[PDB]
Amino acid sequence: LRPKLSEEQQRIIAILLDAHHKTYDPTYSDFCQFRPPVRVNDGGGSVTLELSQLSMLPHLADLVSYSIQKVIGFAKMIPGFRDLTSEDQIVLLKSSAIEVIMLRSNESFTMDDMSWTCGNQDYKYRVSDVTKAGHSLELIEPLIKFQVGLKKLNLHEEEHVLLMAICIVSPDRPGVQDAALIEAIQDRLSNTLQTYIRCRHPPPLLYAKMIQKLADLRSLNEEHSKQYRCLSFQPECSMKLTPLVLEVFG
């Protein structure tokens, strides 16, 4: 059965698309305002050398801190998000931040050479750039695999904005107080996404693949948290981060 999208579901999609268009820059025009990327010789991928230099950390921390601010703005526009207590809103944003960033970064990701391409060679990011920020292969290798699998879904922008919203409004995040309200908000979004796929996505299982990507994001989130903790132990690391990054991941 292929029910039509209701007037409410149409309204939810239009709000999320408008929210995304106002909070995501496909021209990466603010990147010149971040602390500059610095790339040093690290062919071997030496953990000791990367931790001693963290050459790409100020730039990548700025990239993530900037994206968190945009995610905060996007979330405020999600239907029902403002009905939650401020406490539940902050818990949801903090716990989903890196996951949402991983979804948002897919637009700049290219399979032509397996990089996030955001302009000239300066704003072109590969596996080596993430390792230069103090992260290790247990995160970056499944991260590239995630980016490819996600890119291959060829998501409509409507499905992309619904997936980010569903990711943020998750009742199974630790520290949430009103899980039932969060679940009702998420179910309204999930039903919108499911209805949308069934009547707008042409042939040739997409919904189940999108749900699996959400489970993949949980694994990546946990590994990122473990890696951020190691990184935070490096002396003088806090100056290479930002106050927002310190709060969200600390």
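One rule holds for the numbers: they count along the sequence shown, beginning at 1.
- Where coordinates are absent for parts of the deposited sequence, a chain break appears; between neighbours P204 and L205 it spans 1 to 3 residues.
- Comparing 121 to 129 with 155 to 163, the stretch with the higher mean C-alpha B-factor in the PDB entry is 121 to 129.
- Mean CA temperature factor is higher for 130 to 138 when stretches 144 to 152 and 130 to 138 are set side by side in the entry.
- Per the deposited record, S46 carries the highest C-alpha B-factor of all listed residues (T27, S190, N221, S46).
- Of the candidates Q69, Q33, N41, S55, the one whose C-alpha carries the top B factor in the deposited record is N41.
- Annotation for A61: CA B-factor lies in the lowest third of the chain's modelled residues.
- Ranked by C-alpha B-factor against the other modelled residues of its chain, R11 falls in the highest third.
- Among the modelled residues of its chain, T110 has a C-alpha B-factor that falls in the middle third according to the deposited record.
- In the deposited entry, the Cα temperature factor of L92 places it in the lowest third of its chain's modelled residues.
- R82: CA B factor in the highest third of modelled residues in this chain (values from the PDB entry).
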